[PDB]
A.B. asks: 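First the structure, which I've put down as structure tokens, then a few questions once you've had a look.
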Amino acid sequence: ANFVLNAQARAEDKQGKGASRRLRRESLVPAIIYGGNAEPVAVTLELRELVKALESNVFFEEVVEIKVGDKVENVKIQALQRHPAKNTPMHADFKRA
Amino acid sequence: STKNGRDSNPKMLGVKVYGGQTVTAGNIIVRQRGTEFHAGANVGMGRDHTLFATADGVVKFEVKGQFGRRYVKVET
Amino acid sequence: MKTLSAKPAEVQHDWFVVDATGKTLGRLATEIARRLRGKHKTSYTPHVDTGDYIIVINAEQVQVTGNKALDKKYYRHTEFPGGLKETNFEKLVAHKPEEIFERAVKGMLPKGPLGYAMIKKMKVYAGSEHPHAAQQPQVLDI
Amino acid sequence: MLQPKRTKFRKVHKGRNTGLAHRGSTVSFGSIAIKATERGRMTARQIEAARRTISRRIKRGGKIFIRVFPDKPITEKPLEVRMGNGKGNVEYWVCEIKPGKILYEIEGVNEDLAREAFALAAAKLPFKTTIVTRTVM
Amino acid sequence: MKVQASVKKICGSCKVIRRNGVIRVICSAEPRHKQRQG
Amino acid sequence: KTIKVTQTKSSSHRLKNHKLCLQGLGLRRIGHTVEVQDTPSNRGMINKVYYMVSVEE
RNA sequence: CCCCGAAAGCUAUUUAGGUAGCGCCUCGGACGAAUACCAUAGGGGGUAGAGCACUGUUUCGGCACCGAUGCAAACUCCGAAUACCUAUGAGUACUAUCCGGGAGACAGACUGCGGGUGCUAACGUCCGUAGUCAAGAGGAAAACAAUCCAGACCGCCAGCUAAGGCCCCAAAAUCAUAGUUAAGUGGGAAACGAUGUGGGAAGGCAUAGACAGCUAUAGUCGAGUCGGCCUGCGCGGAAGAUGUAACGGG
Ligand SMILES: [Zn+2]
């Protein structure tokens, strides 16, 4: 409700090292959604939106809505990877809740 | 002056026959300082822990037993 | 031997007059060198001078861009020890305008007896008048 | 001057310094820290000088955590000695620095004071640094 | 005049200016604060 | 069912196995074109030296 | 005149610039698919990376142990890509192997990658691996064995391209579209310093009136303004000896 992330699908041709580097050059972020009773889904987000969401403390405890097209998932942030020297986010895990 | 500068001649240890190859009786399979591999069916062990074949057949490697030892055997 | 060379006895040199007011030095010198060497004629031959005569008037109105008026340096060396002399574009253009054109075109012509012969066909005059009315030069806008 | 109390071997190979600092790039003791953004070497004298500057600036009002330790010995030839004749003698100790390595952390001090102290310390170091603070993840 | 590689403002009456491609610091209160980068 | 392969660069300074791949395809000089059966064994040699050949189907 | 075509390695040597056997060249005979390239299938590993389970070493808490946190050529609970061995198979290729006659060579060099040594110095030195020179001409890099492109049987005043290029010296675009630079930066150099100029993401204040100036928080004044964060290109830091001399020149 308070936090909505707009995402696109990440198909198999957009996975791997080269594809992820191309995405990050395009200034997007790959992410994975897993959790009980369903099959994991791979998505992509916007760096500015992710940074803005992480700027607030309450984001790490609330349930957020990730919307890709018509469907919508209610998740919580589970893990996060950062660049060691620049601190820019590089990947994200979301657990279904 | 230095106090180092010594070494010993090479000893040429290692696997001589790999899995899936055919052997005749007497062929040496593994040269090893200790028992890194153990003798299975149709394989004998020498006094310096060398593994050799005692029958004609095909070499096979596996992991077996309660201690997880590596075994080599010959299938006829 | 079907490809023929031009014969010097049949070469015909025409006379042209060019006004240098407001032109850029190098972009004028390239065209002058082309027409002095004769690259614009279909009888062009590397070992024969087939070019035209070029008169240049209003030589002190030539221009350079950027800060080159203060910064572009002209050097020469008398062969005595320590004898390096230096000047710049503003002083040189107010003093001897012909030297600027001579240096610029000399740099772009070939370095040999034929090049010495080809540079002799360029006449540079400071003012708006030239003494070659007897040759009836034509106006060339380059 | 920091130095190992004991070592297994006196002299070590030169090696190569490649890669990033995936370990030791997260604030774990204090609230604010300084981390290197460029790779290089850090000597014991440099560590001591930076620590002294930071402590003097912060007036011993908080705790300072040092997260780099020099454990690699470096040798040098005696001087006016020709090539050969064995490896040289140990002269000083260094710590290898990869981008992302956190050098110092401060606990219990105001942020402006900590930034002033870190700015003073950075002028003593042979590589570029940056300032980071604690985050949830 | 102080001629140095690093030129900074010392007090509040100092001013950083650029003249003919050179960075200078001029102070209204203290003449000993005059600096030029070089 | 059949592939046309043309050699586009020199093979004088390449690796030994790469030269052997060219010779095993049958190419002999720059600009040479050959026609070969479409089998995985042949596509292996083609993919090994992709950088100096042009392939048409 | 025609054909082929090396090596500067290993082992030993009162041996180290000599020699001998093997490796590498050539000629004759035997014998042909037993050979190689690639694709499938089978196999062992302890390197790169990583980690702290052993051996050492490190920091901060608690009571030799516990909790967080680092490091290792001679540490390992782990662990690739390549390389290597074997079997089957398509296509392409004068391939492998054996028996004999004749040798030369056993001073190597640079470049890239993995390293020891040195100062992460040297056109330094010692190994592994690939290319070139040696024993190789032509075009490009101004000139320039070892870099880039490319392997010269002979002749032609024919055509297409590679690397590299298309203002003049000097062959080919003063070609087209959209931006950046003002330093001749381009066409030598760092920590560091700074209202130089583009681009991007935020934040604070603001026409019930913001910043600066002004008149003793009021008050004239009428729109934007304030301070940081990423990022492109520029500026200073920048002193040498015969002559511009750190775009080959114009
Ligand atoms: Zn002042």
Side-chain angles (χ1 to χ4, degrees), chain A residues 47-48 51-52 55, chain B residues 14-22 30 37 59-61 70, chain C residues 1-3 26-27 29-31 33-34 37 39 66-68 71-77 79 81-84 86 103-111 115, chain D residues 2 4-9 12-17 19 22-24 28-29 63 65-69 71-72 76-77 83-84 87-88 95-96 123 126 128, chain E residues 4-8 16-18 21-23 37-38, chain F residues 9-10 12-17 19-26 30-31 34 36-37 39-48:
Chain A
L47 191 58
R48 39 182 296 262
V51 167
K52 176 54 55 183
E55 231 157 48
Chain B
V15 168
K16 302 311 179 175
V17 179
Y18 295 83
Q21 298 185 224
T22 78
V30 184
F37 296 90
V59 172
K60 211 166 127 43
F61 288 85
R70 296 178 281 179
Chain C
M1 301 267 108
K2 289 215 282 134
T3 309
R27 292 175 185 276
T30 51
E31 187 50 42
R34 259 183 35 104
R37 181 173 207 204
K39 289 294 264 313
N67 252 292
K68 283 185 269 192
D71 273 0
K72 173 176 203 40
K73 291 315 169 35
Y74 293 92
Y75 294 105
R76 57 184 206 284
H77 203 281
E79 296 101 281
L84 180 78
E86 187 226 307
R103 279 172 165 255
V105 172
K106 204 177 81 112
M108 310 197 197
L109 287 176
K111 326 276 180 302
Chain D
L2 296 184
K5 288 182 280 283
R6 222 169 47 61
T7 36
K8 199 161 43 196
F9 296 106
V12 316
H13 286 167
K14 188 191 328 284
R16 294 300 185 280
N17 182 347
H22 299 273
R23 294 302 280 288
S28 317
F29 301 82
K63 210 181 210 144
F65 303 87
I66 316 180
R67 300 191 61 191
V68 288
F69 190 88
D71 59 4
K72 172 183 201 83
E76 274 182 341
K77 248 166 163 32
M83 300 282 98
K87 206 176 166 69
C95 178
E96 295 295 15
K128 253 180 290 304
Chain E
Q4 33 188 43
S6 175
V7 288
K8 294 223 218 68
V16 177
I17 77 151
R18 228 161 83 80
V22 175
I23 307 200
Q37 197 172 55
Chain F
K9 284 187 226 293
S10 173
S12 53
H13 325 308
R14 310 295 175 177
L15 297 177
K16 174 223 276 284
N17 276 357
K19 294 156 92 117
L20 295 180
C21 289
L22 280 185
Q23 152 183 4
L25 285 174
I30 291 171
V34 301
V36 298
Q37 288 174 12
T39 83
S41 298
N42 281 342
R43 316 220 68 140
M45 294 179 283
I46 294 175
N47 297 332
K48 183 85 82 213

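Quick note on labels: first sequence line is chain A, next is B, and so on, each numbered from 1.
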A.B. asks: Rounded to the Å, how far apart are A:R48 CZ and G:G203 P?
C.D. replies: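 Whole-Å distance recorded here is 11 Å.
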A.B. asks: Please report, rounded to the nearest Å, how far the P atom of G:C235 is from the CZ atom of E:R18.
C.D. replies: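 Atom CZ in E:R18 sits about 11 Å away from atom P in G:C235.
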A.B. asks: Apply the syn/anti split at 90° from 0 to G:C77 and say which one it is.
C.D. replies: syn
A.B. asks: Write down the partner of G:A206 under the Watson-Crick or G-U wobble criteria, each distance required to be under 3.5 Å.
C.D. replies: none
A.B. asks: Map C:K72 and C:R34 onto RNA chain G by nearest heavy atom, then report which one ends up closer to the 5' terminus.
C.D. replies: C:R34
A.B. asks: Identify the nucleotide, in any strand shown, that forms a Watson-Crick or G-U wobble pair with G:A212, with both distances under 3.5 Å; if there is none, say none.
C.D. replies: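 Across any shown strand, G:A212 pairs with none.
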A.B. asks: Across all strands, who's sitting opposite G:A96 as a Watson-Crick or G-U wobble pair, both distances under 3.5 Å?
C.D. replies: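 Partner of G:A96: none.
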A.B. asks: Aromatic contact between B:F61 and B:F37, with the criterion being ring centroids under 6.0 Å apart: yes or no?
C.D. replies: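 When the ring centroids of B:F61 and B:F37 are compared, they turn out to be within the sub-6.0 Å range.
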A.B. asks: Provide, to the nearest angstrom, the distance between the NZ atom belonging to D:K77 and the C1' atom belonging to G:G124.
C.D. replies: 13 Å
A.B. asks: Could you tell me how far apart C:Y74 (OH) and G:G249 (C1') are, to the nearest whole angstrom?
C.D. replies: 14 Å
A.B. asks: Can you work out whether F:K16 or C:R76 has the more 5'-proximal nearest nucleotide on RNA chain G?
C.D. replies: F:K16
A.B. asks: When you compare the ring of B:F61 with the six-membered ring of G:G44's base, are the centres less than 5.5 Å apart and the planes under 30° from each other?
C.D. replies: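 According to the criterion (under 5.5 Å, under 30°), no, B:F61 does not stack.
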A.B. asks: Give the nucleotide from the list G:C75, G:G151, G:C71 with an atom nearest to the side chain of F:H13.
C.D. replies: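 Among G:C75, G:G151, G:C71, the one nearest the side chain of F:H13 is G:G151.
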A.B. asks: Side-chain donor or acceptor of C:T30 under 3.5 Å from a matching atom on the base of G:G250?
C.D. replies: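 Looking at the base of G:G250, it does not pair with any donor or acceptor on the side chain of C:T30 (distance under 3.5 Å).
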